[PDB]
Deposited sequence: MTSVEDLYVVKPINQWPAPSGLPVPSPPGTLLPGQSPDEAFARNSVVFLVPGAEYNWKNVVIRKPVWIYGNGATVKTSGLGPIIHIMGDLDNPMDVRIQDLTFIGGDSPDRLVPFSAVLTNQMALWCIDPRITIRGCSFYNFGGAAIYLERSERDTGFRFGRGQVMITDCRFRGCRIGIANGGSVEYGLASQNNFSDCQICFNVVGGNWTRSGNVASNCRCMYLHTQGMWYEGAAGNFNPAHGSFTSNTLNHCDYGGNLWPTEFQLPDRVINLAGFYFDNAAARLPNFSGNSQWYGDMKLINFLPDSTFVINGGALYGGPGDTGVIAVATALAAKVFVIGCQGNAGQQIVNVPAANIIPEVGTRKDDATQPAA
């Protein structure tokens, strides 16, 4: 199972349970199809592409115990992004890994300059143990997009730099821990009518775990991507952490650092509360790194065990729910805007 540059990756994956790339070599792949579980040992190779993606389309089989596994592999989606081009349906095609019904492990890989999601995971029908760790993302529209009913995955110890949206979140119950983002407009996005919902749609969404993450310089002092983001049927204004869905609950949120990590809690299920727990909230001067909740749900939001500076604004959360005192608190019913 040794796959040379120029040989058909499709043939090699069909013929072998495990494939080893030539160490450090350069590949050029386009619309590869994986139909049964295969392990790839990338050996520090690089996979380039051109034209409409994805680079690999992975047809899953959740009954089969053997996962698809990709280790130690670089994927390049092309040159540096034009970050001003509006996102579109045709650009959603520009993926590294499009995975349906995924039982998959992605470890120690790098993803550079994808026009859409570097990694997209969807479910063919509504109802895996997915793991994405130690990966690097640079210059990508979206880092990892999990569609509805892709649940209970783990994305941890990954580094995101210069990505518009790190986690395009739909499917529920993922653990996202120990991840670093800098100069990314959005680390966490969840709302209705997203891209990359997949065949199960926007079902049992979000409500997972977001711990020990850093989202720095989202809205100020490094990020280059636009705030305004085109969904399929409306335009929104992203934030480092953006949540707008009255029919969904937020994830558990503890141990995270926000240095210009602006946050907008626009709407969530009324039978819930939310805590910004054990966090570091630094912002200012001016309206930079602002944290804001919908006035109608502010009594259900708390800021507990947080540290911060005077310049960090907290908008609409009542004073009684901020223990201990952190930043500067105010009421402004114009915030947060969608």
Non-modelled portions of the deposited polymer sequence, in sequence order: 1 to 28, 156 to 162
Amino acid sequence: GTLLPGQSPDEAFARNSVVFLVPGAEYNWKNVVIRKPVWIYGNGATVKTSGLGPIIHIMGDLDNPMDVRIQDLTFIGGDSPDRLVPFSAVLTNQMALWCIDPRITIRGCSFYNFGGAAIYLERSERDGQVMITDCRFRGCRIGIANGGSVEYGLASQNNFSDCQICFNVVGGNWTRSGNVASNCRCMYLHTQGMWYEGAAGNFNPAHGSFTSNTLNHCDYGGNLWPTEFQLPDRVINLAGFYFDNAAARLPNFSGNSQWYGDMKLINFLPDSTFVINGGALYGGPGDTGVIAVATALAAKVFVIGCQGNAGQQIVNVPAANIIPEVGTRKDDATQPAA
From here on, numbers count along this sequence of modelled residues.
Segment of higher mean CA temperature factor, 29 to 37 or 304 to 312: 29 to 37
Mean temperature factor over C-alpha atoms, higher-scoring stretch between 183 to 191 and 80 to 88: 80 to 88
Highest-ranked of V130, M95, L238, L121 once sorted by CA temperature factor in the record: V130
Out of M66, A45, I276, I70, residue topping the C-alpha B-factor column of the entry: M66
CA B-factor ranking of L281, expressed as a third of its chain: lowest
Among modelled residues of the same chain, the CA temperature factor third for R176: lowest
Cα B factor band for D262 (lowest, middle or highest third within the chain): middle
Chain-relative CA temperature factor third for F229: middle
Assigned third (lowest, middle, highest) for the C-alpha B factor of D162: lowest
